[PDB]
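In what follows, a structure is listed as structure tokens, so that the remarks can point back to it.
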Amino acid sequence: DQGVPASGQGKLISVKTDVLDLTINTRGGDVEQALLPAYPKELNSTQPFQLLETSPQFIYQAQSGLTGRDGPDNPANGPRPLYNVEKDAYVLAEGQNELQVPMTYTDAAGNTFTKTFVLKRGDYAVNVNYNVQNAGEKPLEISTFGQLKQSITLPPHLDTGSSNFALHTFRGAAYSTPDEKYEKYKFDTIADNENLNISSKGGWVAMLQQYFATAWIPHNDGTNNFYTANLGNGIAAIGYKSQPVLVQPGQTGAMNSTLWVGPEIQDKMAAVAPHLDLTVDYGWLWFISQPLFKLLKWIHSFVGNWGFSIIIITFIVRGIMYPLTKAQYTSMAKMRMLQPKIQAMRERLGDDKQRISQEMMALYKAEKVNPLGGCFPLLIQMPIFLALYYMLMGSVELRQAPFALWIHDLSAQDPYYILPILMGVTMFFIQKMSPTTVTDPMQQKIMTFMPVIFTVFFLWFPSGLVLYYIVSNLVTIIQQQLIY
């Protein structure tokens with residue numbers, strides 16, 4: 001049950017469905033390229049997104065085969081199997097929901113091995129099935145393997161735009177085990193030859209990027225061997241080897257596995273394999289971004305527009321936090337009332353900062369007013385900002401999602417940078433109509449600059465996030481115009 005073959009030269013065939021465009025090497029049955037038509041390469045582009053790729057500058061393939069004592073893919077048994085395919089192109093026909101691509105190989109002793117890819121319409125989980133006919137008079141020991149192979153360094157077009165994200169979206173390997181429901185493996189750890197070597201009863205191995213994932217999900221009754229491997233020259237690998245299966249003389253056997261190669265849609269992935277939906281990287285705030293997205297998607301089932309759904313989610317969470325905003329408003333009201341007492345205490349005590357502080361903090365403690373003051377609503381807005389940010393940057397459904405007028409991508413920044421200036425205009429409205437609890441000119445000096453510093457803040461942030469806080473502060477303004 002040991003030994004994974006290297007890539008071999010062979011005839012290439014195409015396999016097309018409505019959502020997948022695969023190139024498959026007949027030697028071994030590896031997927032060398034995979035295109036997703038339902039996801040354009042970039043906004044306003046007719047090219048499909050390229051997930052798997054075999055290129056001189058970059059490699060990313062999903063390999064599989066039969067290893068073990070008698071597995072033809074085992075290098076100890078010779079060269080990789082050169083399967084025979086009847087035609088070079090396989091297309092999903094109209095009215096047909098399922099497409100099968102069989103590949104056969106007969107060894108010198110008469111044993112036949114059939115690798116058949118089974119695809120279905122609108123489905124990103126491709127089934128890789130094996131059928132082995134034993135011709136000899138002693139059993140065959142066969143083990144299923146599946147390997148994901150990719151260059152460690154992404155090709156130059158990797159990064160642009162002056163590190164718009166302070167921390168990039170994750171790109172690397174990951175796996176799941178009945179003991180560890182989801183763990184991540186860095187390519188750099190693999191590059192240092194510190195490899196994974198664990199057992200798992202079921203589970204899956206995977207490779208991840210911002211919006212798309214590849215994964216091998218074994219289907220057997222034994223204990224698999226999940227592994228990573230530094231193949232060298234900057235090529236990382238993760239995969240699995242199944243428990244060996246015996247095939248007695250004159251008997252036929254069947255081995256199954258599933259390959260996911262598509263977008264990180266949690267609803268669709270959770271049905272293919274348990275915990276597979278966790279491949280989406282919601283950052284450290286996973287426990288709030290996943291609920292936020294689930295309800296945002298729930299709103300999308302009614303409105304049908306992701307931007308308006310973000311406008312609605314702002315109203316929802318402005319309502320859940322209204323007692324907190326009203327308590328802070330009550331707190332800030334009493335800070336305005338105590339300004340004459342704190343100026344009179346300052347002129348009574350003199351230049352004694354310590355007892356001025358204790359007396360100010362004690363008077364603040366008697367009638368509950370927040371010592372943090374004006375930056376407390378900025379403090380509690382810090383998790384929701386990061387939560388919504390990781391939700392927009394991690395949800396494939398929001399990728400290239402339009403809103404209205406000049407916004408055709410809620411996940412991307414405003415190309416005209418008009419939304420970040422609009423939010424600064426609303427903040428300039430807020431600070432002017434509100435008493436803004438000004439007491440010292442030094443800290444007040446930066447408060448007049450807050451509209452523009454916070455404008456250039458949102459200049460490199462997703463339009464869907466800027467949109468949220470735009471209508472969030474329109475709710476703030478509408479409240480104080482209706483009270484006054």
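Lettering and numbering for the structure tokens are positional, with chains as A, B, ... in the shown order, residues counted from 1 in each chain, and ligands counted from 1 in the shown order.
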Spatial neighbours of residue 178 of chain A, max dist 12 Å, only C-alpha atoms, sep filter under 4 positions, as a PyMOL selection string
chain A and resi 182-183+198-204+223-224+273-275
Neighbour list for residue 75 of chain A as a ChimeraX atom specification, cut-off 12 Å, only C-alpha atoms, skip fewer than 3 positions in-chain:
/A:1-8,28,65-72,78-81
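Omitting residue 384 of chain A and its sequence neighbours fewer than 6 positions away, and counting only C-alpha atoms, the residues within 10 Å are residues 285, 288, 289, 292, 317 and 390 of chain A.
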With a distance cut-off of 12 Å and only C-alpha atoms, select the neighbouring residues of segment 134-142 of chain A, excluding the residue or stretch itself and same-chain residues fewer than 5 positions from it, and output the selection as a PyMOL selection string.
chain A and resi 1-3+65-74+77+106-114+241-255
As a PyMOL selection string, please: the residues near residue 9 of chain A (cut-off 9 Å, only C-alpha atoms, same-chain neighbours under 4 positions excluded).
chain A and resi 25-27
File dump, residues just selected, N, CA and C atoms, as an mmCIF file, in the first residue's frame:
data_model
loop_
_atom_site.group_PDB
_atom_site.id
_atom_site.type_symbol
_atom_site.label_atom_id
_atom_site.label_comp_id
_atom_site.auth_asym_id
_atom_site.auth_seq_id
_atom_site.Cartn_x
_atom_site.Cartn_y
_atom_site.Cartn_z
ATOM 1 N N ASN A 25 -4.870 12.980 -18.505
ATOM 2 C CA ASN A 25 -3.788 12.212 -19.107
ATOM 3 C C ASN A 25 -4.127 10.728 -19.057
ATOM 4 N N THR A 26 -4.062 10.064 -20.215
ATOM 5 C CA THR A 26 -4.407 8.647 -20.277
ATOM 6 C C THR A 26 -3.424 7.771 -19.511
ATOM 7 N N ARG A 27 -2.191 8.227 -19.314
ATOM 8 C CA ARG A 27 -1.212 7.478 -18.529
ATOM 9 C C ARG A 27 -1.448 7.782 -17.056
#
For residue 431 of chain A, please output as an MDAnalysis selection string all residues within 12 Å (counting only C-alpha atoms; exclusion window: fewer than 3 positions along the same chain).
chainID A and resid 374 424:428 434:438 444 446:451 473 476:477 480
Could you write those residues out with N, CA and C atoms, as a PDB file, in the first residue's frame?
ATOM      1  N   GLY A 374     -15.551  58.083  23.510  1.00  0.00           N
ATOM      2  CA  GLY A 374     -15.890  58.103  22.098  1.00  0.00           C
ATOM      3  C   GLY A 374     -15.297  56.980  21.278  1.00  0.00           C
ATOM      4  N   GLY A 424     -17.187  59.057   4.129  1.00  0.00           N
ATOM      5  CA  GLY A 424     -16.590  60.203   4.791  1.00  0.00           C
ATOM      6  C   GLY A 424     -17.505  61.409   4.819  1.00  0.00           C
ATOM      7  N   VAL A 425     -18.357  61.553   3.801  1.00  0.00           N
ATOM      8  CA  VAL A 425     -19.328  62.641   3.792  1.00  0.00           C
ATOM      9  C   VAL A 425     -20.383  62.421   4.868  1.00  0.00           C
ATOM     10  N   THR A 426     -20.795  61.167   5.078  1.00  0.00           N
ATOM     11  CA  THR A 426     -21.759  60.876   6.135  1.00  0.00           C
ATOM     12  C   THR A 426     -21.149  61.095   7.513  1.00  0.00           C
ATOM     13  N   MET A 427     -19.869  60.753   7.683  1.00  0.00           N
ATOM     14  CA  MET A 427     -19.209  60.979   8.965  1.00  0.00           C
ATOM     15  C   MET A 427     -19.046  62.466   9.247  1.00  0.00           C
ATOM     16  N   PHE A 428     -18.754  63.257   8.213  1.00  0.00           N
ATOM     17  CA  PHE A 428     -18.721  64.705   8.377  1.00  0.00           C
ATOM     18  C   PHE A 428     -20.099  65.243   8.734  1.00  0.00           C
ATOM     19  N   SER A 434     -23.822  66.295  15.642  1.00  0.00           N
ATOM     20  CA  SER A 434     -23.720  65.795  17.004  1.00  0.00           C
ATOM     21  C   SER A 434     -22.851  66.720  17.851  1.00  0.00           C
ATOM     22  N   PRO A 435     -23.058  66.738  19.170  1.00  0.00           N
ATOM     23  CA  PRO A 435     -22.198  67.563  20.035  1.00  0.00           C
ATOM     24  C   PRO A 435     -20.755  67.089  20.086  1.00  0.00           C
ATOM     25  N   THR A 436     -20.476  65.861  19.636  1.00  0.00           N
ATOM     26  CA  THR A 436     -19.134  65.270  19.504  1.00  0.00           C
ATOM     27  C   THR A 436     -18.239  65.502  20.731  1.00  0.00           C
ATOM     28  N   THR A 437     -18.855  65.769  21.886  1.00  0.00           N
ATOM     29  CA  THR A 437     -18.221  65.781  23.217  1.00  0.00           C
ATOM     30  C   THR A 437     -16.785  66.311  23.201  1.00  0.00           C
ATOM     31  N   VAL A 438     -16.592  67.440  22.531  1.00  0.00           N
ATOM     32  CA  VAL A 438     -15.269  68.053  22.453  1.00  0.00           C
ATOM     33  C   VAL A 438     -14.946  68.722  23.784  1.00  0.00           C
ATOM     34  N   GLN A 444      -9.445  66.772  19.757  1.00  0.00           N
ATOM     35  CA  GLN A 444     -10.449  67.282  18.830  1.00  0.00           C
ATOM     36  C   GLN A 444      -9.845  67.586  17.466  1.00  0.00           C
ATOM     37  N   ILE A 446      -7.653  65.865  15.712  1.00  0.00           N
ATOM     38  CA  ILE A 446      -7.712  64.680  14.866  1.00  0.00           C
ATOM     39  C   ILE A 446      -9.150  64.269  14.577  1.00  0.00           C
ATOM     40  N   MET A 447     -10.113  64.742  15.374  1.00  0.00           N
ATOM     41  CA  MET A 447     -11.508  64.397  15.126  1.00  0.00           C
ATOM     42  C   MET A 447     -12.052  65.107  13.893  1.00  0.00           C
ATOM     43  N   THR A 448     -11.590  66.331  13.628  1.00  0.00           N
ATOM     44  CA  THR A 448     -11.986  67.013  12.401  1.00  0.00           C
ATOM     45  C   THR A 448     -11.343  66.372  11.178  1.00  0.00           C
ATOM     46  N   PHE A 449     -10.184  65.735  11.355  1.00  0.00           N
ATOM     47  CA  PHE A 449      -9.542  64.992  10.280  1.00  0.00           C
ATOM     48  C   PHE A 449     -10.086  63.577  10.135  1.00  0.00           C
ATOM     49  N   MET A 450     -10.904  63.115  11.080  1.00  0.00           N
ATOM     50  CA  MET A 450     -11.443  61.759  10.997  1.00  0.00           C
ATOM     51  C   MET A 450     -12.205  61.472   9.705  1.00  0.00           C
ATOM     52  N   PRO A 451     -13.025  62.380   9.155  1.00  0.00           N
ATOM     53  CA  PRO A 451     -13.730  62.039   7.905  1.00  0.00           C
ATOM     54  C   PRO A 451     -12.811  61.682   6.747  1.00  0.00           C
ATOM     55  N   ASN A 473     -24.284  54.399   9.002  1.00  0.00           N
ATOM     56  CA  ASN A 473     -24.256  55.762   9.510  1.00  0.00           C
ATOM     57  C   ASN A 473     -25.405  56.610   8.990  1.00  0.00           C
ATOM     58  N   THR A 476     -27.656  56.123  11.657  1.00  0.00           N
ATOM     59  CA  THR A 476     -27.291  56.994  12.771  1.00  0.00           C
ATOM     60  C   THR A 476     -27.818  58.407  12.558  1.00  0.00           C
ATOM     61  N   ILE A 477     -27.672  58.932  11.341  1.00  0.00           N
ATOM     62  CA  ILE A 477     -28.104  60.294  11.043  1.00  0.00           C
ATOM     63  C   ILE A 477     -29.618  60.400  11.089  1.00  0.00           C
ATOM     64  N   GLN A 480     -30.883  60.896  14.699  1.00  0.00           N
ATOM     65  CA  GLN A 480     -30.714  62.184  15.371  1.00  0.00           C
ATOM     66  C   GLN A 480     -31.428  63.333  14.668  1.00  0.00           C
TER      67      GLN A 480
END
Here is a test: counting only C-alpha atoms, which residue of A:340, A:122, A:156, A:420 is nearest to residue 456 of chain A?
A:420
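Each of A:170, A:145, A:286, A:364 was checked against residue 216 of chain A using only C-alpha atoms; the smallest atom-to-atom distance is that of A:145.
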What residues in segment 103-258 of chain A get the DSSP label strand (DSSP E)? Please answer as an mmCIF file with N, CA and C atoms, in the first residue's frame.
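Saved the output as out_33.cif:
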data_model
loop_
_atom_site.group_PDB
_atom_site.id
_atom_site.type_symbol
_atom_site.label_atom_id
_atom_site.label_comp_id
_atom_site.auth_asym_id
_atom_site.auth_seq_id
_atom_site.Cartn_x
_atom_site.Cartn_y
_atom_site.Cartn_z
ATOM 1 N N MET A 103 -11.946 4.100 -18.739
ATOM 2 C CA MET A 103 -10.591 3.872 -19.223
ATOM 3 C C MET A 103 -10.139 2.493 -18.768
ATOM 4 N N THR A 104 -9.675 1.674 -19.708
ATOM 5 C CA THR A 104 -9.310 0.294 -19.425
ATOM 6 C C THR A 104 -7.821 0.069 -19.658
ATOM 7 N N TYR A 105 -7.280 -0.923 -18.955
ATOM 8 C CA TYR A 105 -5.888 -1.323 -19.099
ATOM 9 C C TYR A 105 -5.761 -2.777 -18.676
ATOM 10 N N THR A 106 -5.188 -3.595 -19.555
ATOM 11 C CA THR A 106 -4.996 -5.021 -19.324
ATOM 12 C C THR A 106 -3.514 -5.293 -19.109
ATOM 13 N N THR A 112 -7.364 -6.947 -15.715
ATOM 14 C CA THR A 112 -7.928 -5.737 -16.293
ATOM 15 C C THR A 112 -8.250 -4.738 -15.190
ATOM 16 N N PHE A 113 -7.874 -3.481 -15.414
ATOM 17 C CA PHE A 113 -8.141 -2.391 -14.486
ATOM 18 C C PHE A 113 -8.890 -1.295 -15.227
ATOM 19 N N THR A 114 -10.047 -0.904 -14.695
ATOM 20 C CA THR A 114 -10.906 0.091 -15.325
ATOM 21 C C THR A 114 -11.042 1.294 -14.404
ATOM 22 N N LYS A 115 -10.607 2.456 -14.884
ATOM 23 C CA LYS A 115 -10.773 3.721 -14.181
ATOM 24 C C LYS A 115 -11.819 4.543 -14.923
ATOM 25 N N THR A 116 -12.927 4.843 -14.251
ATOM 26 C CA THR A 116 -14.058 5.529 -14.864
ATOM 27 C C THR A 116 -14.376 6.792 -14.077
ATOM 28 N N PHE A 117 -14.289 7.941 -14.746
ATOM 29 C CA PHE A 117 -14.708 9.203 -14.152
ATOM 30 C C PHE A 117 -16.208 9.381 -14.346
ATOM 31 N N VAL A 118 -16.910 9.716 -13.267
ATOM 32 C CA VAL A 118 -18.358 9.897 -13.292
ATOM 33 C C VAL A 118 -18.659 11.323 -12.855
ATOM 34 N N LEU A 119 -19.164 12.130 -13.783
ATOM 35 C CA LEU A 119 -19.539 13.510 -13.525
ATOM 36 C C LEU A 119 -21.051 13.663 -13.634
ATOM 37 N N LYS A 120 -21.570 14.710 -12.996
ATOM 38 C CA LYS A 120 -22.993 15.006 -13.048
ATOM 39 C C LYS A 120 -23.185 16.499 -13.280
ATOM 40 N N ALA A 125 -18.203 17.619 -7.691
ATOM 41 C CA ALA A 125 -17.636 16.413 -7.102
ATOM 42 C C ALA A 125 -17.583 15.333 -8.176
ATOM 43 N N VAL A 126 -16.386 15.063 -8.682
ATOM 44 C CA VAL A 126 -16.180 14.034 -9.693
ATOM 45 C C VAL A 126 -15.845 12.724 -8.996
ATOM 46 N N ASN A 127 -16.504 11.646 -9.415
ATOM 47 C CA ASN A 127 -16.268 10.327 -8.847
ATOM 48 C C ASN A 127 -15.229 9.586 -9.679
ATOM 49 N N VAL A 128 -14.249 8.994 -9.003
ATOM 50 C CA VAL A 128 -13.212 8.193 -9.642
ATOM 51 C C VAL A 128 -13.367 6.768 -9.126
ATOM 52 N N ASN A 129 -13.859 5.878 -9.983
ATOM 53 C CA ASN A 129 -14.161 4.506 -9.607
ATOM 54 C C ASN A 129 -13.201 3.547 -10.296
ATOM 55 N N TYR A 130 -12.850 2.472 -9.596
ATOM 56 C CA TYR A 130 -11.951 1.452 -10.111
ATOM 57 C C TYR A 130 -12.646 0.099 -10.101
ATOM 58 N N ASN A 131 -12.384 -0.694 -11.138
ATOM 59 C CA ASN A 131 -12.895 -2.055 -11.249
ATOM 60 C C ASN A 131 -11.745 -2.947 -11.686
ATOM 61 N N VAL A 132 -11.370 -3.901 -10.838
ATOM 62 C CA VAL A 132 -10.199 -4.740 -11.067
ATOM 63 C C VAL A 132 -10.651 -6.189 -11.193
ATOM 64 N N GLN A 133 -10.336 -6.805 -12.331
ATOM 65 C CA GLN A 133 -10.635 -8.209 -12.586
ATOM 66 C C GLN A 133 -9.358 -9.023 -12.414
ATOM 67 N N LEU A 140 -4.769 -10.393 -5.694
ATOM 68 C CA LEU A 140 -4.195 -9.081 -5.966
ATOM 69 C C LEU A 140 -4.397 -8.187 -4.750
ATOM 70 N N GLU A 141 -3.320 -7.554 -4.292
ATOM 71 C CA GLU A 141 -3.385 -6.585 -3.204
ATOM 72 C C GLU A 141 -3.292 -5.188 -3.807
ATOM 73 N N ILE A 142 -4.394 -4.444 -3.743
ATOM 74 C CA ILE A 142 -4.513 -3.137 -4.376
ATOM 75 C C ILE A 142 -4.894 -2.110 -3.318
ATOM 76 N N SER A 143 -4.355 -0.901 -3.453
ATOM 77 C CA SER A 143 -4.663 0.202 -2.553
ATOM 78 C C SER A 143 -4.926 1.455 -3.373
ATOM 79 N N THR A 144 -6.020 2.143 -3.062
ATOM 80 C CA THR A 144 -6.369 3.377 -3.751
ATOM 81 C C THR A 144 -5.560 4.540 -3.187
ATOM 82 N N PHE A 145 -5.065 5.400 -4.076
ATOM 83 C CA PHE A 145 -4.379 6.616 -3.670
ATOM 84 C C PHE A 145 -4.916 7.802 -4.457
ATOM 85 N N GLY A 146 -4.877 8.969 -3.820
ATOM 86 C CA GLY A 146 -5.207 10.224 -4.463
ATOM 87 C C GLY A 146 -4.283 11.318 -3.973
ATOM 88 N N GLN A 147 -3.690 12.079 -4.891
ATOM 89 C CA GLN A 147 -2.668 13.054 -4.543
ATOM 90 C C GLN A 147 -2.972 14.397 -5.190
ATOM 91 N N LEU A 148 -2.789 15.465 -4.420
ATOM 92 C CA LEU A 148 -2.893 16.832 -4.914
ATOM 93 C C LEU A 148 -1.500 17.441 -4.960
ATOM 94 N N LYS A 149 -1.140 18.006 -6.109
ATOM 95 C CA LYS A 149 0.226 18.419 -6.399
ATOM 96 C C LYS A 149 0.207 19.831 -6.962
ATOM 97 N N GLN A 150 1.051 20.708 -6.418
ATOM 98 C CA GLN A 150 1.022 22.108 -6.820
ATOM 99 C C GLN A 150 2.354 22.774 -6.507
ATOM 100 N N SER A 151 2.706 23.763 -7.328
ATOM 101 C CA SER A 151 3.857 24.608 -7.044
ATOM 102 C C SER A 151 3.639 25.376 -5.745
ATOM 103 N N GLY A 172 -2.855 27.061 0.695
ATOM 104 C CA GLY A 172 -2.052 25.941 1.142
ATOM 105 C C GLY A 172 -2.880 24.672 1.181
ATOM 106 N N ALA A 173 -2.398 23.708 1.956
ATOM 107 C CA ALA A 173 -3.052 22.417 2.099
ATOM 108 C C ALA A 173 -3.832 22.349 3.407
ATOM 109 N N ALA A 174 -4.727 21.368 3.481
ATOM 110 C CA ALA A 174 -5.537 21.144 4.669
ATOM 111 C C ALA A 174 -6.071 19.721 4.628
ATOM 112 N N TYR A 175 -6.549 19.252 5.778
ATOM 113 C CA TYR A 175 -7.065 17.896 5.884
ATOM 114 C C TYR A 175 -8.078 17.828 7.018
ATOM 115 N N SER A 176 -8.775 16.695 7.091
ATOM 116 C CA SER A 176 -9.732 16.432 8.154
ATOM 117 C C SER A 176 -9.668 14.962 8.541
ATOM 118 N N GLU A 183 -7.828 20.751 9.978
ATOM 119 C CA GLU A 183 -6.528 21.337 10.273
ATOM 120 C C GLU A 183 -5.874 21.790 8.976
ATOM 121 N N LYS A 184 -5.029 22.811 9.082
ATOM 122 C CA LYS A 184 -4.384 23.424 7.929
ATOM 123 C C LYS A 184 -2.902 23.087 7.910
ATOM 124 N N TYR A 185 -2.358 22.921 6.706
ATOM 125 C CA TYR A 185 -0.945 22.620 6.519
ATOM 126 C C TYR A 185 -0.346 23.638 5.562
ATOM 127 N N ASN A 197 2.056 12.696 8.340
ATOM 128 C CA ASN A 197 2.026 11.235 8.211
ATOM 129 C C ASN A 197 1.096 10.706 9.307
ATOM 130 N N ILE A 198 -0.205 10.729 9.020
ATOM 131 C CA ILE A 198 -1.229 10.377 9.991
ATOM 132 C C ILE A 198 -2.170 9.348 9.382
ATOM 133 N N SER A 199 -2.979 8.750 10.250
ATOM 134 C CA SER A 199 -4.032 7.827 9.868
ATOM 135 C C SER A 199 -5.384 8.477 10.115
ATOM 136 N N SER A 200 -6.352 8.126 9.276
ATOM 137 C CA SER A 200 -7.687 8.686 9.411
ATOM 138 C C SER A 200 -8.690 7.714 8.829
ATOM 139 N N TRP A 204 -10.649 13.586 4.602
ATOM 140 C CA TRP A 204 -10.262 14.101 3.296
ATOM 141 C C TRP A 204 -8.979 14.908 3.424
ATOM 142 N N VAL A 205 -8.282 15.043 2.296
ATOM 143 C CA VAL A 205 -7.160 15.958 2.148
ATOM 144 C C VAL A 205 -7.535 16.974 1.078
ATOM 145 N N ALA A 206 -6.916 18.150 1.150
ATOM 146 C CA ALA A 206 -7.332 19.227 0.261
ATOM 147 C C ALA A 206 -6.210 20.239 0.078
ATOM 148 N N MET A 207 -6.372 21.067 -0.955
ATOM 149 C CA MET A 207 -5.552 22.246 -1.198
ATOM 150 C C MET A 207 -6.483 23.430 -1.419
ATOM 151 N N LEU A 208 -6.136 24.578 -0.840
ATOM 152 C CA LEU A 208 -7.064 25.695 -0.745
ATOM 153 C C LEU A 208 -6.457 26.977 -1.296
ATOM 154 N N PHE A 212 -11.498 28.821 -4.143
ATOM 155 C CA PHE A 212 -11.599 27.526 -4.800
ATOM 156 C C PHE A 212 -10.746 26.500 -4.070
ATOM 157 N N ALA A 213 -11.147 25.236 -4.184
ATOM 158 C CA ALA A 213 -10.499 24.153 -3.465
ATOM 159 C C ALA A 213 -10.470 22.894 -4.318
ATOM 160 N N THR A 214 -9.463 22.063 -4.067
ATOM 161 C CA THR A 214 -9.388 20.707 -4.585
ATOM 162 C C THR A 214 -9.309 19.751 -3.404
ATOM 163 N N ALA A 215 -9.909 18.572 -3.548
ATOM 164 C CA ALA A 215 -9.946 17.640 -2.429
ATOM 165 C C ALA A 215 -10.157 16.220 -2.932
ATOM 166 N N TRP A 216 -9.471 15.272 -2.295
ATOM 167 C CA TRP A 216 -9.662 13.847 -2.531
ATOM 168 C C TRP A 216 -10.379 13.254 -1.326
ATOM 169 N N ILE A 217 -11.566 12.704 -1.554
ATOM 170 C CA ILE A 217 -12.372 12.131 -0.479
ATOM 171 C C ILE A 217 -12.466 10.625 -0.684
ATOM 172 N N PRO A 218 -11.692 9.829 0.051
ATOM 173 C CA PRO A 218 -11.735 8.377 -0.144
ATOM 174 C C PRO A 218 -13.055 7.784 0.320
ATOM 175 N N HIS A 219 -13.398 6.640 -0.268
ATOM 176 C CA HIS A 219 -14.624 5.914 0.059
ATOM 177 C C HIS A 219 -14.268 4.438 0.203
ATOM 178 N N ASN A 224 -7.088 5.065 6.192
ATOM 179 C CA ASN A 224 -6.228 5.660 5.183
ATOM 180 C C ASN A 224 -4.959 6.225 5.818
ATOM 181 N N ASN A 225 -4.015 6.604 4.959
ATOM 182 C CA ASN A 225 -2.756 7.219 5.374
ATOM 183 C C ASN A 225 -2.663 8.587 4.706
ATOM 184 N N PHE A 226 -3.003 9.635 5.452
ATOM 185 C CA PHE A 226 -2.892 10.996 4.944
ATOM 186 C C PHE A 226 -1.443 11.454 5.037
ATOM 187 N N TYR A 227 -0.941 12.062 3.963
ATOM 188 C CA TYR A 227 0.466 12.428 3.901
ATOM 189 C C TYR A 227 0.636 13.727 3.129
ATOM 190 N N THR A 228 1.690 14.460 3.476
ATOM 191 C CA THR A 228 2.224 15.526 2.645
ATOM 192 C C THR A 228 3.638 15.145 2.230
ATOM 193 N N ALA A 229 4.127 15.781 1.169
ATOM 194 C CA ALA A 229 5.438 15.431 0.639
ATOM 195 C C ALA A 229 5.998 16.599 -0.154
ATOM 196 N N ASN A 230 7.241 16.967 0.144
ATOM 197 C CA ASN A 230 7.973 17.948 -0.651
ATOM 198 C C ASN A 230 8.604 17.208 -1.820
ATOM 199 N N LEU A 231 7.957 17.266 -2.985
ATOM 200 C CA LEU A 231 8.491 16.572 -4.149
ATOM 201 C C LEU A 231 9.762 17.223 -4.678
ATOM 202 N N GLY A 232 9.998 18.486 -4.355
ATOM 203 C CA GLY A 232 11.221 19.158 -4.731
ATOM 204 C C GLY A 232 10.995 20.187 -5.828
ATOM 205 N N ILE A 235 7.690 22.113 -5.563
ATOM 206 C CA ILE A 235 6.432 21.419 -5.814
ATOM 207 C C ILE A 235 6.000 20.738 -4.524
ATOM 208 N N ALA A 236 4.865 21.168 -3.981
ATOM 209 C CA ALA A 236 4.292 20.586 -2.778
ATOM 210 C C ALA A 236 3.222 19.565 -3.143
ATOM 211 N N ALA A 237 2.977 18.638 -2.219
ATOM 212 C CA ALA A 237 2.018 17.571 -2.462
ATOM 213 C C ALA A 237 1.344 17.168 -1.161
ATOM 214 N N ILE A 238 0.059 16.829 -1.261
ATOM 215 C CA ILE A 238 -0.703 16.233 -0.172
ATOM 216 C C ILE A 238 -1.573 15.141 -0.776
ATOM 217 N N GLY A 239 -1.828 14.096 0.000
ATOM 218 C CA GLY A 239 -2.614 13.005 -0.532
ATOM 219 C C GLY A 239 -2.950 11.972 0.518
ATOM 220 N N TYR A 240 -3.474 10.845 0.041
ATOM 221 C CA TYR A 240 -3.882 9.748 0.903
ATOM 222 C C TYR A 240 -3.568 8.420 0.230
ATOM 223 N N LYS A 241 -3.328 7.405 1.057
ATOM 224 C CA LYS A 241 -3.224 6.021 0.619
ATOM 225 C C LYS A 241 -4.202 5.192 1.439
ATOM 226 N N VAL A 245 -6.648 -3.689 -0.235
ATOM 227 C CA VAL A 245 -7.816 -4.526 -0.472
ATOM 228 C C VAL A 245 -7.378 -5.746 -1.269
ATOM 229 N N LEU A 246 -7.850 -6.919 -0.857
ATOM 230 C CA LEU A 246 -7.536 -8.164 -1.542
ATOM 231 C C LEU A 246 -8.578 -8.462 -2.612
ATOM 232 N N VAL A 247 -8.113 -8.983 -3.746
ATOM 233 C CA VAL A 247 -8.979 -9.436 -4.830
ATOM 234 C C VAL A 247 -8.539 -10.849 -5.195
ATOM 235 N N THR A 252 -13.781 -10.130 -9.025
ATOM 236 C CA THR A 252 -13.710 -8.725 -9.398
ATOM 237 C C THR A 252 -13.944 -7.851 -8.171
ATOM 238 N N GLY A 253 -13.223 -6.730 -8.100
ATOM 239 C CA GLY A 253 -13.357 -5.813 -6.991
ATOM 240 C C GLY A 253 -13.605 -4.396 -7.474
ATOM 241 N N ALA A 254 -14.063 -3.556 -6.545
ATOM 242 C CA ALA A 254 -14.404 -2.173 -6.854
ATOM 243 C C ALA A 254 -13.905 -1.254 -5.749
ATOM 244 N N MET A 255 -13.245 -0.164 -6.142
ATOM 245 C CA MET A 255 -12.739 0.840 -5.218
ATOM 246 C C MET A 255 -13.226 2.214 -5.656
ATOM 247 N N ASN A 256 -13.617 3.040 -4.687
ATOM 248 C CA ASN A 256 -14.269 4.311 -4.972
ATOM 249 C C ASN A 256 -13.571 5.457 -4.254
ATOM 250 N N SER A 257 -13.648 6.635 -4.867
ATOM 251 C CA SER A 257 -13.161 7.874 -4.276
ATOM 252 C C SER A 257 -13.803 9.037 -5.020
ATOM 253 N N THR A 258 -13.813 10.196 -4.371
ATOM 254 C CA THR A 258 -14.419 11.397 -4.927
ATOM 255 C C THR A 258 -13.402 12.527 -4.951
#
